[PDB]
Structure formats: C-alpha cells, structure tokens
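The residues making up each chain are set out below.
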Amino acid sequence: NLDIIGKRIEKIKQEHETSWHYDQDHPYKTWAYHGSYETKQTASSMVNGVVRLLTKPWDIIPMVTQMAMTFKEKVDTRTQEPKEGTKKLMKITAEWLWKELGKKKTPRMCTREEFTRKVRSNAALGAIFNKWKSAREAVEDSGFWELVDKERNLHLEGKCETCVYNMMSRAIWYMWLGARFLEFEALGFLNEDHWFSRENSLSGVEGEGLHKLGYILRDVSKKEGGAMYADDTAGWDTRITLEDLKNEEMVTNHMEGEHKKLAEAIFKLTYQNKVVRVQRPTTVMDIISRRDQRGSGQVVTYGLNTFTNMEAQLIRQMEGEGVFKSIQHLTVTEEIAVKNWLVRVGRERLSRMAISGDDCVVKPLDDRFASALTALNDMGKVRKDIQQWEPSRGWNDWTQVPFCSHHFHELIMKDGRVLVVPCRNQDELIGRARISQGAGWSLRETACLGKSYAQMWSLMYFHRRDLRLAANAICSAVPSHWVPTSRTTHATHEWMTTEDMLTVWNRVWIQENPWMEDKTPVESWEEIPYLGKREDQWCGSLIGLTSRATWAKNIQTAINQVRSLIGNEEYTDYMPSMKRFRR
Ligand SMILES: Cc1ncc(CNc2cncc(F)c2)s1
Ligand SMILES: Cc1ncc(CNc2cncc(F)c2)s1
Ligand SMILES: [Zn+2]
Ligand SMILES: [Zn+2]
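As recorded in the PDB entry, the protein chain goes by the name Genome polyprotein, listed as coming from dengue virus type 2.

Written out as structure tokens, the structure is:
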C-alpha cells in the first residue's frame, strides 16, 4: 500500500513544504486522502462560425443550440468484491481469452521513435505543460528522456516516483508525458498491433470504421439465436474491480525479459495502486489514493475495457446456457464444464458479439440470456436505466440495435447493390460540427475543421438529404485546396484528405468493401441513394419545413457570405453535384 505510493506522495509533499495541511473536512470516503496544498486556475466549447453560418435553419432547434452551452458523486463509489465462484469464472475466462488473443500475436515493447511520431502528427495521449510547453517540445529535447530513464530504472527496482494522475459521466486523468511513454512502451502493442481487431479477437471492432460496423452487426444477425442485446453499463470505468485489474495483468504471462517487468510495474504501480491530484475550490490540490476503478490512457483503457467486456459477456452467455448453476462456489465438475465450453464453443460465442470498449451487442444462442443476471450483477457490471433483476429488453431487428452511438440502415442502390450505412439523430450530428474544442483558432483553422465535418458527412451520412446539401455548401465555401484538420484524430478517418470525395466514396463503399461482389465504380453523386424521405424525417431531417426550403433555395447566398469573410481565394462550386442545383 503506502510503501508503493508513499514515494510519489512524499515527493509531492516536499515540492509544497510551506503548504502541506491534512484538512479534516475532506469529502472523500471511497478514496484515501493524504493531504493538500495551494493552487489557482481552471476549457469550454466554442462555436465554429463556418458551420453555423451554413446551417441557419438549426439556429432555432434547442437540441442543436443547447449542445454548445454550459456525477463526481459516481467516481466516489465502491464496488463489493465478487463471490468466489464469480472470481473463478473470471480468472478461468481471462486466462483462456489472453491465450486466444496471443495465438497469432507477439507482445513487444513500443519505442520512443514510435511515441515521437505519434506526438508530431498529434493523437490525444493526454500529457501536462511544468518545464516544456507543448508535448511536441519535450520529445525534441534530451533531458526529458533522462527523466524517463530514471523512472524506468525505478520501475525495474519495483518502485515509482512521478506517475501521478490529474482528475478533470466523463472525468479524464491526464498524466505527465514521461508516464504516458512508459505506459505506451509496455502496453501500446495492444492498440498498435490490433489485438482487438475482428480478425484476431472475433468480438472486437478495433480499426473497423463506421462504414464497416453496420455490415458486422448484420453478419451477427445471420447467426441462429434469439434477440440482439445491447445493455449499457452504468459508469463502466467506476465498476472495474481490483479482480478485473488482476485478470487484465495476466497479459504479462505472455511476455518476457525487460518487457514483462516493465508491464508488471505499470499494472502493479499505476493501475492496481493510483495517486491523483484533484482541485477543490473550498482552491487546494487534494492528493487522494485508490487501488480500484479504471485509470490508464484513453487508448489502453479502450483495449482493457474491450477485454474485460468480452470476458463478462462470455460469462453471461455461460449463465444463460446453464454451464454453471450458482456464483457462490464453482464445483470441480463446473470448472471442467466451463473450461470445456470455452474450448468447444468459445470462438463461436465470441463471433456472436460486437464489442467496442464498454459498448456491446450480443446475439446469444437464445433468450435465456435476458434473465441471466447473477454473474453480470456480482461482477459489478450493473446495467444502466433498468431494475437490477428486471430481464433485458432484446431487439428483433438489427437495424434498430444501438452501437457506438449509431443505428444502421439497409439501403438499396438504383443498381441493386446494398449499402449498410451508419446513422444517428441529425440534431446530434449538426450540434457536434458546430463545436470547436480549444480557443486560439484562426478563420483558416476554423474553416478547415468545418471541412473535416463536411467530408465526414459526404462519406458516412450521404444518405441524409440535409447533410449532403450542407456538406456540399461547406466544401463550396472553404478554399478548394485548404486541408481538413482535427485536434483529436476513432477507427478509420478516410475523410481526412484533399482527394476528390466521390473518389474516396468509391474506394471506401465499392473497392475496399468486402460485402460488395460487383466493383463497378459509381460515376456521379446522383447514382448514390438517400434514405426514404419519411425515414429521413424520423432521423431528424428538416425536409418539408419552410425554413429548410428557403435555406436550400438560397444556399449560394450563404456560401457567398462565408466566401466574403474568408476572402479572395480559389473556390469550387460543389452544389451542381446535386440534381436540384444541376441547373
Ligand atoms: C478505437 C476504435 N476503433 C473502432 C471503433 C468503433 N467505433 C467508432 C465510433 N466512431 C467512429 C468510428 F470510426 C468508429 S472505436
Ligand atoms: C414529406 C415530404 N415529401 C417531399 C418532401 C420534399 N423534400 C425532399 C427533398 N429532396 C429530395 C426529396 F426526395 C424530397 S418532404
Ligand atoms: Zn512510475
Ligand atoms: Zn437513421
């Protein structure tokens, strides 16, 4: 305990020797509280003007406008230790699942070279400012790496000095860049080498992309079974048990040499024992500790969430199939039965699921799954917005299943070929495009973010009448050659490019689409179909409203307003790619 965190604590305590005070009115119960010290400082959303000026009808939709305005009593929760039978079910399943993921993969260390490219082309690794300004600067230096080396040698010693989280249903724990590297060195392979790919994991979708998710849900639908189940967990990261953290750590069993010790240290020191600096305006910096809950990089979090979610869902399948009778204790015969289930049908059972971190869709063997709730509830993976022992409401139609904030439509092209297209409430799409994260943006940068959104809409949401039109308008209003930008790059972002959008559509939807047998390129945008105009209205379209018809009719005037603001640049008119504007 304090042997493992004390060094980290004692080091912080000393850098504020004229401040340290053990405030006796600290609000922590579930989190251990060590002390405090003096600080004073805070990033709200800004509106993207290029997008808003070209989406005027939406200036009066409260669902769009409210998205741009404005529980920490959930992070301070505690989950009960699972029963012995639950713990055995999890240990056995975790062992078998690491083996399966490892069959065609080699754990390996990631390198500074790799980490250095990441920071120069910008991911969201989540660092802090201090001694160097940006993340870009500290990597270019040589002193930072000497710091890294020190901590690394300490990790091999089995101690830790500077790996401390900073808190800030979305609470992010940013770490200093050095700690991020040591985490990425040890565990980056999980993301970098696609361990949770559909090919390697059977349930996973890592790197598959929105244009593939709908086809994958449909492939699951083709299996014999009962309803499709899509239970969200109530605050998944706050319900990761120490038992989950120990079963994740069994990935080190597949490692060797330096890598194995470095990985064990990350699991032992930064995951199974955590030290966090949280601000408290009453402004002190509280130094609290905790062994449980999900702390890690957003990207290792994703891989370990997918892993533990796969594990829980295999066990819920086992329960619905009556592989084990009770979670209180597992008979020696029940252990063998579980083990032989995994060996005999485990891979088939994984192919019945689509899992993206804390998000899942299961098509179990039959509807017994709906009331198989004892293992799920005991593991602490308590379902959101339904009573604890109330049976799951399944879905009969794969086109109604929620997954990764989307639903999927089946859409028939004029030539018989079949698109499965992603979709969500259009107010959600327009409200997100109207928002820029960070201030300090030039007109040019703001314009290039709008163009990223426009190109995503043309690629993913082309079947929505208002999004094809607004996307054509934004791309007409931003200089033809200006490059699309984004301040967090997830899966596959084929819209981040200066190439012709019809050429990308053809590559993504026809050429590279393994569900399309005929590879005939499409020759214009008019070949590319829309949802039915009632289906479009159901998913939030403004077609049929007066405000919308005036906007479409007078779009060239909105385009010209934005062209005037940006200035005398080279523009393309994309509106004639649509039938109604083609004279
Ligand atoms: C790291 C990931 N790999 C695939 C994912 C599936 N989810 C998704 C959501 N939004 C846009 C996407 F391209 C994909 S998440
Ligand atoms: C219920 C409605 N019936 C026709 C409408 C007009 N909206 C529209 C726009 N572009 C292409 C279309 F097929 C239809 S709204
Ligand atoms: Zn450390
Ligand atoms: Zn829809």
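A. Structural detail: the overall build of the protein chain. Scanning the protein chain from terminus to terminus reveals 23 helices and ten strands. In terms of overall dimensions, the protein chain is globule-like: its C-alpha atoms have a radius of gyration of 26 Å, near the 25 Å expected for 583 residues. Principal-axis analysis of the C-alpha atoms places the extent of the protein chain at approximately 75 × 60 × 45 Å.

B. Spatial organisation of the sheet that holds strand β4 (residues 274-280). The strand order across the open sheet formed by four strands is β1-β5-β4-β3, and the pairing between neighbours is mixed. Unpaired on one side and paired on the other, β1 (32-35) and β3 (165-166) mark the two borders of the sheet. The sheet contact formed by β4 and strand β5 (residues 284-290) spans seven bridges and is antiparallel. Opposite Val275, over in β5, you have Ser289 as the bridge partner.

C. Looking closely at the site of ligand 1. Around ligand 1, the surrounding shell consists of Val205, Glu206, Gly207, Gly209, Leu210, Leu213, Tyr302, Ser356, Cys404, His490 and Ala491. Contact between ligand 1 and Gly207: a nitrogen atom at 3.2 Å from a main-chain N or O atom of the residue. For ligand 1, the accessible surface in isolation is 390 Å², of which the surrounding protein chains cover 82%. A breakdown of the residues in the shell around ligand 1 according to their chemical character gives six nonpolar, four polar and one charged.

D. Local environment of unusual backbone geometry. Positive phi is not limited to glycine here, since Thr70 has a value of about 60°. With respect to the element layout, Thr70 can be found in the loop between α3 (62-66) and α4 (84-102). In this structure, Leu202 takes a positive phi of about 75° despite not being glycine. Residue placement: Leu202 occurs in the loop between α10 (198-201) and α11 (210-221).

E. Highlighting the domain arrangement of the protein chain. Assigned domains within the protein chain: domain 1 (1-38 + 111-187 + 242-291), domain 2 (55-68 + 405-577) and domain 3 (80-105 + 215-237 + 298-402). Between the C-alpha centres of domain 2 and domain 3 there is a distance of 37 Å. Contact with domain 2, which involves ten residues of that partner, is made by nine residues of domain 3. When domain 2 packs against domain 3, close to 910 Å² is buried across both sides, 58% of that on carbon and sulfur atoms. Among the secondary structure elements, those contributing two or more residues to the side of domain 2 that touches domain 3 are β8 (407-412) and β9 (418-423). Considering only residue class, the side of domain 2 that touches domain 3 consists of six nonpolar, three polar and one charged.

F. Local environment of the pattern of salt bridges. In this structure the tally under the stated criterion is 40 salt bridges. For the salt bridge of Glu258 with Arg152, the shortest nitrogen-to-oxygen distance reads 2.6 Å. Relative accessible area serves as the criterion here: at 39%, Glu258 is assigned to the partly exposed category. Residue classification places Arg152 among the buried residues on the basis of a relative accessible area of 16%. In this structure, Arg548 engages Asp466 in a salt bridge whose closest nitrogen and oxygen atoms are separated by 2.7 Å. What makes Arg548 buried here is its relative accessible area of 9%. Beyond isolated ion pairs, a larger network of salt bridges with shared partners links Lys223, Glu321, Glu348, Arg349 and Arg352.

G. Geometry of helix α22 (residues 546-553). What α22 keeps buried is the set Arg548, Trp551 and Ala552. Here the buried residues of α22 occupy an arc of 95° about the axis, which is enough to place them on one side. The outward face of α22, more than 90 degrees from its buried face, is lined by the exposed residues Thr546 and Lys553. Packing partners of the buried residues in α22 comprise α19 (465-477) and α23 (555-566).

H. Just the coordination of the zinc ion (ligand 3), in detail. Within the first shell, the zinc ion (ligand 3) binds the protein through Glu151 (OE), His155 (NE2), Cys160 (SG) and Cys163 (SG), at distances of 2.0 to 2.2 Å. One way to put it: the four donor atoms around the zinc ion (ligand 3) meet at angles of 79 to 123°, and that makes the site irregular. Read from N- to C-terminus, the donor residues coordinating the zinc ion (ligand 3) fall into the pattern E-x3-H-x4-C-x2-C. For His155, a relative accessible area of 3% corresponds to the buried category. On the basis of relative accessible area, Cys163 is assigned to the buried category, the value being 2%.

I. Expanded view of the coordination of the zinc ion (ligand 4). Protein ligation of the zinc ion (ligand 4) involves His407 (NE2), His409 (NE2), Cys423 (SG) and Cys539 (SG), the donor distances falling in the range 2.0 to 2.4 Å. Coordination at the zinc ion (ligand 4) comes from four donor atoms whose angles at the metal span 101 to 121°, giving a geometry best classed as tetrahedral. With respect to burial, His409 and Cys539 carry one shared label: buried.

J. Up close: the packing of helix α14 (residues 298-320) against helix α15 (residues 332-350). At a minimum axis distance of 11 Å, the contact between α14 and α15 shows a crossing angle of 115°. The angle between α14 and α15 places the two elements in the roughly perpendicular class. As α14 packs across α15, the resulting crossing turns out to be right-handed. Here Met310, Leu314, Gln317 and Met318 of α14 come into contact with α15, specifically with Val338, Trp341, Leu342, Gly346, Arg349 and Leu350. Looking at the contact of α14 with α15 residue by residue, the classes come out as seven nonpolar, two polar and one charged.

What counts, and at which threshold
Residues numbered from 1 in each chain as written, not as in the entry; some residues may be left out. Chains lettered and ligands numbered in written order. Heavy atoms only, no water. Residues with missing side-chain atoms left out of burial classes, pairs and counts. Helix = DSSP H or I, 4+ residues; strand = E, 2+ residues; numbered from the N terminus. Rg over C-alpha atoms; globule rule 2.2 N^0.38 Å. Pairing = 2+ DSSP bridges. Near = heavy atom within 4 Å. Polar contact = N/O pair within 3.5 Å; in protein donor to acceptor, adjacent residues only side chain to side chain. Areas by Shrake-Rupley, 256 points an atom, 1.4 Å probe, with all protein chains shown as cover. Nonpolar A, V, L, I, M, F, W, Y, C, P; charged D, E, K, R; others polar. Domains from an automatic or database assignment. Contact = heavy atoms within 4.5 Å. Buried area = accessible area lost by both parts, 1.4 Å probe. Salt bridge = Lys/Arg side-chain N within 4 Å of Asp/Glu carboxyl O. Buried < 20%, exposed > 50% of the residue type's maximum accessible area, 1.4 Å probe, protein only. Arc of directions from axis to C-beta. Donors = N, O, S within 2.8 Å, 3.2 Å for Na, K, Ca; no water. Tetrahedral: all angles 85-135°; square planar, octahedral: opposite > 155°, others 65-115°. Axes fitted to C-alpha atoms, helices over the stretch in contact; angles between N-to-C directions. Parallel < 35°, antiparallel > 145°, perpendicular 65-115°, else oblique. Left-handed = near helix turned anticlockwise from the far one by under 90°.

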